[PDB]
Amino acid sequence: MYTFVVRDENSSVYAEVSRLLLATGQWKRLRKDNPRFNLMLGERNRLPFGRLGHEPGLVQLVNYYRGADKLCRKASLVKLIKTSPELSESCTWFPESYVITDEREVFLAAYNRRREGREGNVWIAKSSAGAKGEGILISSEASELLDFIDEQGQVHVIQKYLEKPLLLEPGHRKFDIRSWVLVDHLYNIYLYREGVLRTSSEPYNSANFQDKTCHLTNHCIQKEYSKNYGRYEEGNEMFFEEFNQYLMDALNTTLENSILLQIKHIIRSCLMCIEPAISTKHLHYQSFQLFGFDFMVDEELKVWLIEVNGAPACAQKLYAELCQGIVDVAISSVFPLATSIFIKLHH
Amino acid sequence: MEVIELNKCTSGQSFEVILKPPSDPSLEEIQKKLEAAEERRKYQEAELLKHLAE
Amino acid sequence: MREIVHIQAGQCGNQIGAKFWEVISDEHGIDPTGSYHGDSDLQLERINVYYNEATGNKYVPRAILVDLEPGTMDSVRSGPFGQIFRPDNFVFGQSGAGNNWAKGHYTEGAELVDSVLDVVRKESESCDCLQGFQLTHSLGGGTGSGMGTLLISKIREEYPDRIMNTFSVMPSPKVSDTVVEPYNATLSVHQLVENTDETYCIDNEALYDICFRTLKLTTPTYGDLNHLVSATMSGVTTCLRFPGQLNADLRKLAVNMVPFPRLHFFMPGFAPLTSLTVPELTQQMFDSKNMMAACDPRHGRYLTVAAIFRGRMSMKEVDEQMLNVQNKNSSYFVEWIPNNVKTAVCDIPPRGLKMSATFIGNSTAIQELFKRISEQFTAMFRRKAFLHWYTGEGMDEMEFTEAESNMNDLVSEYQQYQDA
Amino acid sequence: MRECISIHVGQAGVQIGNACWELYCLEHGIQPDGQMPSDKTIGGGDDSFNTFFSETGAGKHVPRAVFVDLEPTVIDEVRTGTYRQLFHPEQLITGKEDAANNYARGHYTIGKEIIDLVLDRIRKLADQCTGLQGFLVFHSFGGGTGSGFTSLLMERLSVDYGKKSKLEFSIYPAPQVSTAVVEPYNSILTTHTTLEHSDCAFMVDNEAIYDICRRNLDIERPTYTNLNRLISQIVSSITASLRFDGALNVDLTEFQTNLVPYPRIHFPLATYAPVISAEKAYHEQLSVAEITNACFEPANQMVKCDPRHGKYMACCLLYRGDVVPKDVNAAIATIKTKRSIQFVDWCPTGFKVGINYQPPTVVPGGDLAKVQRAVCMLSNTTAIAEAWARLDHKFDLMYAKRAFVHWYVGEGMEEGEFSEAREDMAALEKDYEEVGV
Ligand SMILES: Nc1nc2c(ncn2[C@@H]2O[C@H](COP(=O)(O)OP(=O)(O)OP(=O)(O)O)[C@@H](O)[C@H]2O)c(=O)[nH]1
Ligand SMILES: COc1cc(OC)c(/C=C/S(=O)(=O)Cc2ccc(OC)c(NCC(=O)O)c2)c(OC)c1
Ligand SMILES: Nc1ncnc2c1ncn2[C@@H]1O[C@H](COP(=O)(O)OP(=O)(O)CP(=O)(O)O)[C@@H](O)[C@H]1O
Ligand SMILES: Nc1nc2c(ncn2[C@@H]2O[C@H](COP(=O)(O)OP(=O)(O)O)[C@@H](O)[C@H]2O)c(=O)[nH]1
Ligand SMILES: [Ca+2]
Ligand SMILES: [Mg+2]
Ligand SMILES: [Mg+2]
Ligand SMILES: [Mg+2]
């Protein structure tokens with residue numbers, strides 16, 4: 001049969017993956033340091049890529065793409081989009097972002113440009129360290145944002161805040177879309193049919209930007225600091241069936257046409273840009289990886305990329321269907337035994 | 001893509017190409033350590049022989 | 001590293017040694033008279049490892065036959081290959097050892113040991129590059145255990161820089177001669193733990209079980225057990241005796257098989273068991289039923305393994321099957337010694353069989369065997385039963401308590417390394 | 001002209017040296033009896049090939065080499081082989097008992113007894129040199145002789161010829177083709193001991209050469225002969241600049257100048273293309289662009305690692321055969337567009353290129369097909385640190401339990417040497433990390 005090792009003890013998705021692998025009866029689970037494995041569910045930090053693919057008589061596979069971090073760290077993503085010809089600074093689906101090699105000087109210029117017109121000058125300061133939904137300040141004055149940046153030790157990026165976001169009703173509430181993507185060892189790009197909408201439970205407000213719950217749509221922040229949680233939709237999470245129904249009823253369009261095309265395009269562009277850097281097609285070991293893409297949708301039904309998560313958490317209701325899918329497409333394809341849930345994004 | 005310092009002969013050529021620009025222990029110690037190792041080994045052998053003698 | 005000096009002591013030692021010499025003499029094309037009638041030069045390339053080239057192009061085993069009784073050595077001299085051995089290499093007394101370790105080690109054996117060492121010295125002087133010594137003996141009797149261990153100690157004193165290798169037959173009540181076998185064995189193991197580099201643990205319990213429940217022999221004789229032993233000794237010495245990519249010698253074996261100095265007791269294995277594809281060879285030789293030490297390797301872990309496949313086979317499938325067995329039995333190999341399994345192939349199969357495989361494992365499951373001995377020891381020693389046999393030869397109870405402690409310590413070290 | 005002296009230590013070094021000198025004789029037109037009909041200066045000369053061959057009055061061309069092994073059989077094969085009369089009997093030095101895969105035996109107990117004799121033979125060769133550049137040292141990491149005795153010899157050479165350059169060709173151990181369980185220990189022990197005495201070292205991972213043989217030569221189970229003929233091709237590429245008329249890497253100091261910006265980071269990665277089977281009756285001769293691109297495929301590297309995830313400090317392309325600069329430059333521009341080649345900021349992004357018009361030479365009746373053009377790339381990249389990491393980890397697994405340590409202590413070493421060597425290796429990995437990202 002097959003062997004696999006677990007090194008990311010606390011990750012929901014791959015906890016379930018190992019559960020199902022063991023349940024198949026044809027996979028053994030060794031100790032974390034045992035080198036004779038077929039499959040490594042690796043750690044998120046300092047994963048020893050240098051040691052894989054050196055065991056004679058062992059085909060080795062790992063659930064992470066060495067080099068994918070360039071896509072999954074904020075400043076790294078901004079530099080990738082700015083310096084990569086495949087998706088230049090002129091690419092329309094990523095907000096105007098500046099790293100702060102420092103880009104403060106070139107940011108002040110676009111800020112001055114902002115000032116001339118009445119158009120909004122709202123920005124959002126972001127850092128990769130603030131995973132716990134904190135470390136962000138939204139204000140129209142740049143001096144405040146820069147003072148915050150200096151007060152915080154980590155490196156940051158400033159983004160243009162989407163002052164006119166697409167608002168759900170009833171509620172007048174903001175949201176973001178999480179799409180799950182699986183890249184297998186052949187670099188097929190599979191988009192999970194089911195995505196989620198993390199919805200701001202408490203209505204949006206253009207006046208004050210310190211209203212953190214109506215401006216920041218994160219499940220944890222919404223659960224902790226929002227008075228109503230699950231009022232409009234269960235768990236502050238909407239799924240594509242009802243969201244598509246709402247799109248039809250309110251805007252007379254479908255999820256596939258108004259949103260999903262742009263999402264597929266952005267996923268394909270990002271993952272094709274870095275393919276030459278991270279592909280394992282001719283490597284002594286193989287990689288697959290699951291990504292969580294986060295999108296905003298503005299008032300004009302345009303889709304914007306916010307961030308890419310390389311260590312994504314799933315949605316409780318979907319864990320079962322997606323995890324199995326992983327096994328079927330990422331693991332069992334390299335290690336056989338014994339209608340699809342994905343969309344192949346061809347290239 | 002600047003080629004510089006082209007050299008040719010009948011056996012072949014060599015050259016350089018710039019695509020972008022930039023942005024001991026003495027013998028005494030040897031003998032000493034070799035003989036320190038040998039003294040450790042000699043001591044170990046003498047310990048073995050002492051044990052065998054008892 | 002060329003010449004090996006072979007020593008067989010006591011009844012069991014000399015019987016298994018005789019069978020070893022006739023088996024390998026057949027393999028090398030040497031007949032009972034010592035003349036070479038083989039067909040391949042590969043039989044003679046490294047024949048000096050075990051044979052001296054005498055006058056008239058005769059080959060004489062570099063072997064010394066020791067006993068405190070003349071009987072078994074008389075029967076050896078009378079046997080098929082009896083005339084092959086060097087006449088003055090027979091060294092024997094008359095009194096015997098009475099299955100008494102003290103007699104072989106302290107009293108009777110003491111009188112004969114210097115004569116033995118004189119013969120050993122003469123054999124070693126003629127050696128271009130002496131590897132060391134291999135001794136065949138049992139641990140349950142008196143001459144093999146007591147006098148063989150005394151010999152090992154004196155030889156180490158004279159040749160501290162040579163490899164000491166033993167084939168040591170362990171006692172079991174299933175093939176018991178006397179009730180004092182555990183005593184003799186425990187006292188011997190202490191000696192072996194200190195003065196040998198490699199010991200092949202030949203367990204009479206395992207040999208009996210294999211003869212009874214696998215070869216279907218209803219009543220196994222000593223010869224039946226010996227046949228298994230000689231097959232194992234041929235297999236385990238194959239790479240020393242024949243040219244191969246390995247270029248094996250006793251010291252390289254010790255260095256690569258013994259990670260900790262005291263844990264140098266190997267479980268041999270053989271396939272097929274007699275009185276076949278590469279997958280079958282691999283599966284059988286790793287099967288507990290094919291183990292010569294009566295221990296369940298599924299009860300411990302392999303520190304190191306060395307295996308030889310003999311016959312005309314694809315080395316590719318041998319590699320594949322060895323890797324497959326390691327992967328399907330991953331839990332039974334320690335993970336903190338990388339690449340701890342070594343394999344070789346020899347194109348010359350043993351007599352009558354076209355494919356065979358021999359296995360050497362340094363497994364912590366060997367602790368079971370020592371536990372078995374220790375318990376049997378303590379059950380008598382707690383009552384001081386049969387001690388007078390040994391105190392009458394001058395021994396004290398302290399020496400028994402010391403041997404007991406050393407063997408229990410050995411067991412605890414094996415247990416330590418089993419829990420990685 | 002300035003002579004170079006080859007030193008082949010242990011089994012791996014001796015057999016690789018046999019392959020190399022066979023290839024040299026084929027490339028220079030020297031027969032197995034040492035006669036070289038194309039040589040018109042008898043008993044002497046100033047030619048490029050004279051850097052590797054001295055001449056006798058009888059017109060015999062004799063390698064400037066010594067072969068050392070603590071055991072005699074392998075060098076016995078040279079004494080009684082096709083090139084028996086090629087070497088002077090004093091060039092082949094053997095003992096009686098080997099190091100038993102034990103670095104301590106090679107370095108301390110057995111090696112100490114033979115170091116003076118080897119140095120005397122080496123001095124006998126050096127005294128015949130008007131100008132001596134340095135030494136090329138062939139050995140394995142894994143063997144007891146190749147590790148311990150080589151380290152001892154390197155220290156003594158530093159003492160005796162401090163001015164001279166020392167280049168290494170080192171076989172990095174692989175389980176697919178291995179002899180000892182303790183090969184990691186030896187590997188680290190010798191590296192730590194040799195690091196400050198070696199100016200530039202070309203590591204060849206047996207795993208990479210093995211897989212290249214299996215894959216490109218369709219050899220099910222490669223032998224040491226297969227591995228060594230491929231290695232000899234690579235080594236010949238590296239030394240052709242020393243043996244032939246040229247402008248690039250024409251002396252041993254140039255290897256350090258061109259490839260090594262820091263003394264301790266002196267392990268350049270070698271990549272070679274094309275490797276094509278002689279047995280394939282149908283073959284498509286590859287262009288300059290194709291072999292140059294192959295130079296950036298991990299599958300063609302002498303060590304398996306991913307240069308995409310490291311940084312370059314130097315890059316040198318050594319072509320042989322039908323190659324003109326035009327094609328090289330075009331192919332480089334293409335590759336630069338299509339590949340991830342990041343240099344360190346404190347070095348220029350450039351390639352040094354050498355072209356020898358003579359196509360690669362193959363042993364008649366070998367597995368390597370004759371090709372019209374070939375290329376060996378030597379790039380000093382931090383990605384090679386992967387190898388060190390791999391090796392160190394194995395060391396750590398055993399040393400945590402002190403497994404096998406008693407064999408080394410029994411020869412006179414202390415555990416302190418183990419921990420000291422491992423600390424030096426940790427420092428080396430730290431250096432590679434600092435230069436790279
Ligand atoms: N590529 C290649 N590797 C070899 C060759 N011979 C041995 N090796 C490798 O070298 C390592 C063993 O070292 P050896 O050179 O055989 O040992 P040694 O230098 O003679 O030292 P001793 O232990 O005394 O025998 C293993 O990793 C082998 O795989 C060879 O001819 N070619
Ligand atoms: C079954 O009868 C055998 C007898 C042997 O000797 C008399 C050897 C072995 C001889 S040897 O001279 O090759 C030394 C030796 C032994 C084991 C090793 O591994 C654990 C290694 N290291 C290899 C590695 O890295 O795995 C080396 C034997 O096994 C091929 C089998
Ligand atoms: N430029 C912008 N315009 C409007 N809203 C923005 C924005 N940038 C970020 N946001 C809001 O920030 C919220 C969280 O940001 P983000 O997701 O980048 O932080 P994060 O990575 O810590 C949480 P996660 O990685 O789980 O999605 C989103 O809900 C989004 O609405
Ligand atoms: N396997 C095997 N064991 C034997 C043989 N002869 C004796 N033994 C065992 O060896 C021990 C007896 O010792 P023995 O060799 O007879 O005594 P010694 O002559 O005094 O050394 C007991 O465990 C016997 O079972 C034999 O031919 N084969
Ligand atoms: Ca000349
Ligand atoms: Mg995040
Ligand atoms: Mg008896
Ligand atoms: Mg050797």
Side-chain angles (χ1 to χ4, degrees), chain A residues 13 65 68 70-72 77-78 80-81 84-95 97 162 165-166 168 175-199 217 237-248 251-279 287-310 312-315 318 321-322 325-326 328-330 333 339-347:
Chain A
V13 175
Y65 263 99
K70 307 292 270 299
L71 211 75
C72 297
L77 172 68
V78 177
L80 175 65
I81 293 170
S84 176
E86 282 78 12
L87 62 80
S88 53
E89 51 173 354
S90 54
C91 183
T92 72
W93 44 262
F94 195 68
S97 298
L162 304 188
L166 198 292
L168 276 37
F175 73 89
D176 70 13
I177 307 178
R178 154 65 58 77
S179 307
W180 290 283
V181 180
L182 181 53
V183 189
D184 68 5
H185 59 291
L186 299 111
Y187 220 83
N188 296 330
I189 303 169
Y190 297 102
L191 166 59
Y192 184 25
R193 297 173 327 195
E194 305 300 330
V196 181
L197 284 65
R198 299 185 293 256
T199 71
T217 70
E237 301 186 344
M238 197 188 315
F239 294 85
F240 276 180
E241 177 150 353
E242 55 180 340
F243 179 58
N244 173 73
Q245 260 295 348
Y246 165 80
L247 284 170
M248 288 177 294
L251 300 202
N252 194 19
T253 194
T254 66
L255 173 62
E256 167 69 54
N257 285 12
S258 65
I259 298 194
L260 258 185
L261 278 187
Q262 301 173 66
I263 289 184
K264 296 169 173 179
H265 172 71
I266 293 168
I267 293 169
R268 246 158 50 69
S269 287
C270 299
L271 292 171
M272 292 319 299
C273 175
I274 71 186
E275 196 198 35
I278 72 168
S279 164
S287 284
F288 71 85
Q289 184 167 351
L290 173 70
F291 299 88
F293 279 82
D294 294 350
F295 302 97
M296 284 272 294
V297 195
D298 71 1
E299 210 175 16
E300 300 288 317
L301 286 175
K302 171 174 178 172
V303 177
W304 304 82
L305 173 63
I306 315 167
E307 185 210 24
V308 197
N309 296 277
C314 190
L318 295 171
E321 195 184 21
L322 170 60
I326 304 176
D328 304 322
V329 188
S333 55
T339 294
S340 172
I341 78 172
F342 288 113
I343 309 169
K344 200 167 182 175
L345 308 191
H346 292 101
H347 51 91

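Hydrogens, waters and symmetry mates are skipped; everything else that's a heavy atom, side chains included, is used. Throughout, protein chains are lettered first and strands after them, A, B, ... in sequence-line order, and every chain is numbered starting at 1.
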*Full working for side chain to side chain contact (heavy atoms under 4.5 Å, CB included) between A/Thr254 and A/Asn244*: CA-CA 6 Å; A/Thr254 66; A/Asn244 173 73; 3.7 Å; yes
Note, [X] side chain near [Y] side chain (heavy atom, < 4.5 Å):
X        : Y        : result
A/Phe342 : A/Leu322 : yes
A/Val297 : A/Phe175 : yes
A/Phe239 : A/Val196 : yes
A/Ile266 : A/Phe94  : no
A/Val13  : A/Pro312 : no
A/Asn188 : A/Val329 : no

*Got a sec, which pairs hit side chain to side chain donor-acceptor pair (under 3.5 Å) with one end in residues 256-270 of chain A, sequence neighbours left out?*
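Checked against side chain to side chain donor-acceptor pair (under 3.5 Å) - neighbours excluded - the pairs reaching residues 256-270 of chain A are A/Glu256-A/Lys264.
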Nearest 0.5 angstrom please: [X] [atom1] to [Y] [atom2], how far?
X        : Y        : atom1 : atom2 : value
A/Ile259 : A/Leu166 : CD1   : CG    : 6.5 Å
A/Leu182 : A/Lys344 : CG    : NZ    : 12.0 Å
A/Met238 : A/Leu168 : CE    : CG    : 4.0 Å
A/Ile189 : A/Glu275 : CD1   : CD    : 7.0 Å
A/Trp180 : A/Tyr192 : CH2   : OH    : 7.5 Å
A/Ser279 : A/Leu186 : OG    : CG    : 9.0 Å

What are the two closest non-hydrogen atoms of [X] and [Y], and how far apart are they?
X        : Y        : value
A/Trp93  : A/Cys91  : NE1-SG, 2.5 Å
A/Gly325 : A/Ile341 : CA-CD1, 3.6 Å
A/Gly310 : A/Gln289 : O-NE2, 3.3 Å

*What class does the angle between the rings of A/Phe243 and A/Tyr246 fall in, given that below 30° is parallel, 30 to 60° is tilted and above 60° is perpendicular?*
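If you compare the ring of A/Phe243 with that of A/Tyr246, the planes turn out parallel.
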*asked:* Taking the ring centre of each residue, are A/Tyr187 and A/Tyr65 less than 6.0 Å apart?
replied: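 When the ring centroids of A/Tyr187 and A/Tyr65 are compared, they turn out to be within the sub-6.0 Å range.
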*Does the pair A/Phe293 and A/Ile177 meet the rule for a side chain to side chain contact (heavy atoms under 4.5 Å, CB included), with working shown?*
CA-CA 8 Å; A/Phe293 279 82; A/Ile177 307 178; over 6 Å; no
*May I have all residue pairs that pass salt bridge (charged side-chain N to carboxylate O under 4.0 Å, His left out) and include part of residues 178-199 of chain A, sequence neighbours excluded?*
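Qualifying pairs, neighbours excluded: A/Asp176-A/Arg198, A/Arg178-A/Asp294, A/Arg193-A/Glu321, A/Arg198-A/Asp294.
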In a table with atom names and distances, give each donor-acceptor pair under 3.5 Å that connects a side chain of residues 299-306 of chain A to protein atoms at least two apart or in another chain.
| residue | atom | partner | partner atom | Å |
| --- | --- | --- | --- | --- |
| A/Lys302 | NZ | A/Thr92 | O | 2.7 |
| A/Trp304 | NE1 | A/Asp298 | OD2 | 3.4 |

